[PDB]
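Protein chains in written order, with UniProt numbering: chain A, 34 to 84; chain B, 112 to 221; chain C, 51 to 137; chain D, 51 to 137.
Note that beta-carbon positions come from the ideal geometry of N, C-alpha and C, so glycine has one too.
As structure tokens, the structure follows; a few thoughts come after it.
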């Protein structure tokens, strides 16, 4: 368990799931799909990547 | 009064019966152009549905017209006749003999 | 103000603390050369910065070409200060 | 109000109780290692949540990645509190 310290190292912070952020992202994806279809006159396909 | 591909993709995101009704209500040439751009399955389904079209209620027609009006975009001055191919040929004719040799080369290449 | 300028001429001392822990004197006597002692703070947490023994801010450890340095990150605003002193 | 903010700086202690039961001291003496003791509460009932020994709400048991958690469901509004204390 004992390790030497390096000032140029850092750790992670577990998991911070944000379901509300994902819902906001999906709603924004829908709105942006509509906007891009309106603008470019062609139907786009927007896929929300993993946060 | 719109481009075939744009209208095809627009009505492609609709129920096939609605697509068939719109195509029946559209111009024959425009509908034929739209149907040529559809996939085989959708095209066959539309052709089957058109062969068994029995009329639509006026309320449904009004709602469909309102939805189509809502789906409209900045279609004012849609498309524009500027040039292409012929203009490219004219430009090639104005470019040097060595340049037109390069032209034969690249055009054969594509 | 002018008195801020007056005290500016007065140098002060800054102290950086890696961490803190509590143990009995018997455990300290048990400790020998090469013994390992743990600290309450975890890895990557900002270190305390003390002026004359009073904590005023927190920072992160960096190395400057051969010398350790502290990269200030946050402050010890009264709510957080009271919360950490209550511990 | 401002005094709510003042007492906000004061930490408090929360207690979660699985259940309660009554028995004689002789029965407790009869109990040995590995003995089984029942509780008045049933399976799936919300557990009591106590602040300094005072029940204020109820919740359901959940596990957070390695740690138990309580999912608050209902309150102990005075009618229900009086009804359960009358028992």
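DSSP three-state call for residue 34 of chain A: helix, strand or coil?
Counting from one through the first chain, the residue named residue 34 of chain A turns up at place 1. Coil, per DSSP.
Using the beta-carbon count (16 or more within 10 Å), is residue 113 of chain D buried or exposed?
The residue you call residue 113 of chain D lines up with position 63 of the fourth chain. Exposed is the call here.
With a cut-off of 8 Å, does the C-beta of residue 44 of chain A fall near any C-beta of chain C?
Working through the first chain from its first residue, we reach residue 44 of chain A at position 11. Answer yes: the Cβ-Cβ gap between residue 44 of chain A and chain C drops below 8 Å somewhere.
Residue 188 of chain B lies in the alpha helix (DSSP H); which residues open and close that run?
Along the second chain, one-based indexing puts residue 188 of chain B at 77. Segment: none, residue 188 of chain B is in no alpha helix (DSSP H) and carries neither H nor E.
With a threshold of 16 other CB atoms inside 10 Å of the CB of residue 157 of chain B, please say whether the residue is buried or exposed.
In the second chain, residue 157 of chain B corresponds to position 46, counting from 1. Counting Cβ neighbours within 10 Å, residue 157 of chain B comes out buried, since at least 16 surround it.
Could you confirm whether any beta carbon from chain C is found closer than 8 Å to the beta carbon of residue 8 of chain A?
Lying before the first or after the last residue shown, residue 8 of chain A is absent from chain A, which here runs from 34 to 84.
Nearest residue (CA-CA) to residue 127 of chain B, options B/159, B/168, B/197 and B/148
The residue labelled residue 127 of chain B in the question sits at position 16 within the second chain. Comparing Cα positions, the closest option is B/159.
Might you give, ordered along the chain, the residues of its own chain that have their beta carbon closer than 8 Å to the beta carbon of residue 150 of chain B, omitting 5 neighbours on each side?
Along the second chain, read from residue 1 onward, the residue named residue 150 of chain B stands at position 39. Excluding positions up to five away in sequence, the list is empty.
Taking only beta-carbon atoms, is residue 191 of chain B less than 8 Å away from chain A?
As a first step, residue 191 of chain B must be located in the second chain, where it is residue number 80. No, no contact with chain A.
Hey, would you say residue 65 of chain C sits closer than 8 Å to residue 91 of chain C, going by beta carbons?
Walking along the third chain from the start, residue 65 of chain C turns up at place 15. Walking along the third chain from the start, residue 91 of chain C turns up at place 41. Not a contact, by the Cβ cut-off of 8 Å.
Evaluate residue 119 of chain B with the Cβ neighbour count: other Cβ atoms within 10 Å of its Cβ, from every protein chain shown; 16 or more gives buried, anything less gives exposed.
Along the second chain, read from residue 1 onward, the residue named residue 119 of chain B stands at position 8. Its Cβ being crowded by 16 or more others within 10 Å, residue 119 of chain B is buried.
Between which two residues does the alpha helix (DSSP H) containing residue 178 of chain B stretch?
For this step, residue 178 of chain B is matched to residue 67 along the second chain. Counting along the chain, the alpha helix (DSSP H) containing residue 178 of chain B begins and ends at 169-182.
On the criterion of 16 or more Cβ atoms from any shown chain inside 10 Å, does residue 145 of chain B qualify as buried, or is it exposed?
Indexing the second chain from 1 puts residue 145 of chain B at position 34. So residue 145 of chain B ends up on the buried side.
Counting only beta-carbon atoms, is residue 144 of chain B nearer than 8 Å to chain A?
As a first step, residue 144 of chain B must be located in the second chain, where it is residue number 33. Chain A, which has no Cβ nearer than 8 Å to the Cβ of residue 144 of chain B, makes this no.
So, does the CB of residue 124 of chain B fall closer than 8 Å to a CB anywhere in chain A?
Indexing the second chain from 1 puts residue 124 of chain B at position 13. Interface residue, yes.
Under the three-state reduction of DSSP, which class applies to residue 52 of chain D: helix, strand or coil?
Here residue 52 of chain D is taken as the residue at index 2 of the fourth chain, counted from 1. The answer is helix: DSSP assigns residue 52 of chain D an H, G or I state.
Going by Cα to Cα distance, which pick from D/108, D/133 and D/69 is closest to residue 121 of chain D?
On the fourth chain, residue 121 of chain D is found 71 positions in, with the first residue counted as 1. Among D/108, D/133 and D/69, the Cα nearest to that of residue 121 of chain D is on D/108.
Where does residue 201 of chain B fall in DSSP's three states?
To locate residue 201 of chain B, count along the second chain from 1; it is residue 90. Residue state, collapsed to three classes: helix.
Is there a C-beta anywhere in chain C that falls below 8 Å from the one on residue 40 of chain A?
Taking the first residue of the first chain as 1, we reach residue 40 of chain A at position 7. Yes, contact with chain C.
Beta strand (DSSP E) containing residue 121 of chain D: first to last residue?
Start at 1 with the first residue of the fourth chain, and residue 121 of chain D comes out as number 71. Residues 117-125.
Does any residue of chain B have a CB that is nearer than 8 Å to the CB of residue 63 of chain A?
Translated into positions along the first chain, residue 63 of chain A becomes position 30. No, no contact with chain B.
Which residues in the same chain have their Cβ closer than 8 Å to the Cβ of residue 142 of chain B, if we skip the five residues on either side of it in sequence?
For the purposes of this step, residue 142 of chain B is taken as the residue at position 31 of the second chain. So the list reads 134 and 135, once near-sequence residues are dropped.
Closer than 7 Å, Cβ to any Cβ of chain B: which residues of the stretch 49-74 of chain A, in chain order?
71 and 74
Taking residue 69 of chain D and residue 89 of chain D to be in contact with their CB atoms under 8 Å, please state how far apart those CB atoms are, rounded to whole angstroms.
Position 19 of the fourth chain holds residue 69 of chain D. Position 39 of the fourth chain holds residue 89 of chain D. With a Cβ gap of about 3 Å, residue 69 of chain D and residue 89 of chain D count as contacting.
What separation, rounded to the nearest whole angstrom, lies between the Cα atoms of residue 67 of chain A and residue 152 of chain B?
The residue given as residue 67 of chain A occupies position 34 in the first chain. The residue given as residue 152 of chain B occupies position 41 in the second chain. Taking the straight line joining both Cα atoms gives about 26 Å.
Give the range of the beta strand (DSSP E) segment to which residue 109 of chain C is assigned.
Counting from one through the third chain, the residue named residue 109 of chain C turns up at place 59. First-last of the beta strand (DSSP E) with residue 109 of chain C: 104-114.
C-beta atoms of residue 71 of chain A and residue 124 of chain B nearer than 8 Å:
Reading the first chain from its first residue, position 38 is the one you call residue 71 of chain A. Reading the second chain from its first residue, position 13 is the one you call residue 124 of chain B. Not closer than 8 Å, so no.
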